[PDB]
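Scope of the values below: all heavy atoms of this structure, side chains included, with no hydrogens, waters or symmetry mates. Just so you know, ligand 1 is whichever comes first in the structure, and atom 1 is the first atom listed for that ligand. Sequence lines set the chain letters: A, B, ... in the order given, protein chains first and strands last, and positions in each chain run from 1.
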Amino acid sequence: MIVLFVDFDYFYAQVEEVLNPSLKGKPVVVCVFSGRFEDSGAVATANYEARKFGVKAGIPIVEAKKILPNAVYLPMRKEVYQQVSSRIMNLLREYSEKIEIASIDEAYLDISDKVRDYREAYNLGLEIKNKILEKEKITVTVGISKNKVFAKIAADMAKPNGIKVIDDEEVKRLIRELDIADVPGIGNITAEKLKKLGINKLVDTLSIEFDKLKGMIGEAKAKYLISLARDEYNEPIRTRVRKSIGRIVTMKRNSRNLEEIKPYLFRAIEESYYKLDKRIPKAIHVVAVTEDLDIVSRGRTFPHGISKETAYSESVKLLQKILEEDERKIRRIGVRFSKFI
DNA sequence: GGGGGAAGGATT
DNA sequence: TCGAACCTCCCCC
Ligand SMILES: Nc1nc2c(ncn2[C@H]2CC[C@@H](COP(=O)(O)OP(=O)(O)OP(=O)(O)O)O2)c(=O)[nH]1
Ligand SMILES: [Ca+2]
Ligand SMILES: [Mg+2]
Ligand SMILES: [Mg+2]
Ligand SMILES: [Mg+2]
């Protein structure tokens with residue numbers, strides 16, 4: 001199987017560049033402003049000029065300003081990036097009917113039936129990169145290998161504006177040499193649990209007792225890591241369908257007062273319903289983020305589709321339930337809809 | 001013993 | 001310090 005993975009470079013910042021070319025060369029920082037104090041919020045993403053100095057996704061806007069006070073700070077315009085993303089995914093469908101759109105800026109293509117070897121795959125990669133640069137003026141990084149996981153790892157190694165092939169021999173080498181923390185799906189918490197069991201490379205999972213591994217990271221992740229270490233990772237490129245849509249907002253101040261939280265909850269429902277564009281959900285979950293950033297949630301599944309009015313009344317009942325069963329103050333409140341018809 | 005669904009956790 | 005979207009206790013057969 002030959003997999004071709006496409007990851008758009010610094011997507012949100014790059015789209016703003018394409019819409020305002022004078023931004024080119026300048027550190028551009030796309031932010032999510034919450035509405036809680038002057039410059040409260042986080043950096044969603046930044047281009048390379050900004051990342052060179054430490055400004056990256058996740059840090060508070062206030063800290064980014066201390067590092068680069070003269071960078072260009074722009075508010076997130078997700079809807080614009082989503083439209084530009086949908087046009088690039090439509091361009092990728094031309095290269096394969098087996099395509100997996102993993103997020104707004106990532107897609108895997110199974111190109112086994114389009115190329116014979118990695119030399120032909122590498123050329124197809126240049127061709128896709130040229131086609132996207134030509135049509136939308138967006139640079140992307142291409143990763144190629146024998147499965148989705150190594151294709152992504154290749155793209156992580158080659159970004160930005162790159163193209164890399166990790167052949168069978170390199171896959172075998174990485175299984176021995178790659179820090180296991182760089183394997184997709186292994187975040188800080190799992191990486192630390194694995195540094196504790198001694199595991200630091202994929203090959204180390206083959207020699208540890210399975211129940212010891214399973215007991216620490218769970219059955220699916222143990223099986224996943226082992227399958228990769230055995231060079232037996234088999235996951236087909238599958239068409240992905242949006243399974244849930246929702247919106248969670250931060251309130252001006254933390255609260256437990258139902259009538260005070262209500263307008264935020266209702267706005268989240270309004271925004272969520274606009275986004276559902278023709279999908280009718282059968283399940284709704286009210287999601288609260290407590291003052292100490294924990295996530296509490298209550299939901300309900302109906303045997304029928306949920307009308308906006310049923311979403312309004314059921315959400316209050318679910319919010320009341322959250323207030324009843326949890327004593328902490330709520331900071332963020334929202335809703336999530338799923339189980340579409 | 002193990003489906004299957006609700007809620008919490010981890011990841012990106 | 002923001003925020004959108006697969007895996008890990010209990011009812012029930
Ligand atoms: N709002 C928000 N978005 C994030 C954060 N981290 C990443 N993102 C955005 C950037 C695009 C998208 C995909 O994220 P990935 O972590 O795969 O990173 P990436 O591909 O390097 O992102 P980019 O294209 O911006 O570099 O999610 C974050 O902390 N907050
Ligand atoms: Ca990207
Ligand atoms: Mg990405
Ligand atoms: Mg990037
Ligand atoms: Mg990691």
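- No cation-pi contact links A/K152 to A/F5, judged by a cut-off of 6.0 Å to the six-membered ring centre and 45° from its axis.
- Scanning the protein heavy atoms around atom 6 (N) of ligand 1, the nearest turns out to be A/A57 CB, 3.5 Å.
- In terms of N/O distances under 3.5 Å, ligand 1 is not approached by A/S103.
- When heavy-atom distances to ligand 1 are checked against a 4.0 Å cut-off, A/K159 comes that close only through its side chain, counted from C-beta outward.
- In the model, A/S313 has no side-chain atom that pairs as donor or acceptor with a side-chain atom of A/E309 under 3.5 Å.
- Across A/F11, A/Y12, A/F8, heavy-atom proximity to atom 27 (O) of ligand 1 is greatest for A/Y12.
- Of the listed residues (A/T141, A/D9, A/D7), just one forms a side chain to side chain donor-acceptor pair (under 3.5 Å) with A/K159, and that residue is A/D7.
- At a 4.0 Å heavy-atom cut-off, ligand 1 does not touch A/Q14 at all.
- Under 4.0 angstrom from ligand 1, the non-hydrogen atoms of A/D7 all belong to its side chain.
- If you take CD1 on A/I59 and CD1 on A/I67, they are separated by 4.5 Å, rounding to the nearest 0.5 Å.
- Looking from atom 15 (P) of ligand 1 to the surrounding protein, the closest heavy atom is A/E106 OE2, 4.5 Å.
- Those atoms of ligand 1 with a heavy atom of A/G58 less than 4.0 angstrom away are 29 (O).
- Protein heavy atom nearest atom 8 (N) of ligand 1, with residue, atom name and distance: A/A44 O, 3.7 Å.
- The distance between the ring centers of A/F337 and A/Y273 falls below 6.0 angstrom.
- Not a single protein heavy atom sits closer than 4.0 Å to atom 18 (O) of ligand 1.
- A/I333 places none of its side-chain heavy atoms less than 4.5 Å from the side chain of A/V287.
- Contact between A/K56 and ligand 1 is absent, with no heavy atom of the residue lying under 4.0 Å from the ligand.
- Cation-pi geometry between A/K65 and A/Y73 is met: under 6.0 angstrom from the ring centre, within 45 degrees of the axis.
- The side-chain heavy atoms of A/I186 and A/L225, taken from C-beta on, include a pair separated by under 4.5 Å.
- Tested against A/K308 for a salt bridge (charged side-chain N to carboxylate O under 4.0 Å, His left out), the candidates A/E314, A/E270, A/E271 yield a single pass: A/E270.
- Note on ring orientation: taking the six-membered ring where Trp is involved, the planes of A/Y12 and A/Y81 are parallel (angle under 30°, cut-offs 30° and 60°).
- Proximity to A/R51 (heavy-atom distance under 4.0 Å) selects the following atoms of ligand 1: 23 (P), 25 (O), 26 (O).
- Residue-environment remark: CD (A/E325) exceeds the threshold of 12 foreign heavy atoms within 6.0 Å.
- Distance from atom 25 (O) of ligand 1 to its nearest protein heavy atom, with residue and atom name: A/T45 OG1, 2.6 Å.
- For a threshold of 3.5 Å applied to N or O pairs, the pair formed by A/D105 and ligand 1 contains at least one separation below that value.
- Counting only protein N, O or S atoms, the number found under 3.0 Å from the Ca ion (ligand 2) is 3.
- Between the A/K252 side chain and the A/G35 main chain, a donor and an acceptor come within less than 3.5 Å of each other.
- When only interatomic distances are considered, the shortest N/O to N/O separation between A/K152 and ligand 1 does not fall below 3.5 Å.
- In this structure, A/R51 fails the cation-pi test against A/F53, since its NZ or CZ atom is not both closer than 6.0 Å to the six-membered ring centre and inside 45 degrees of the ring normal.
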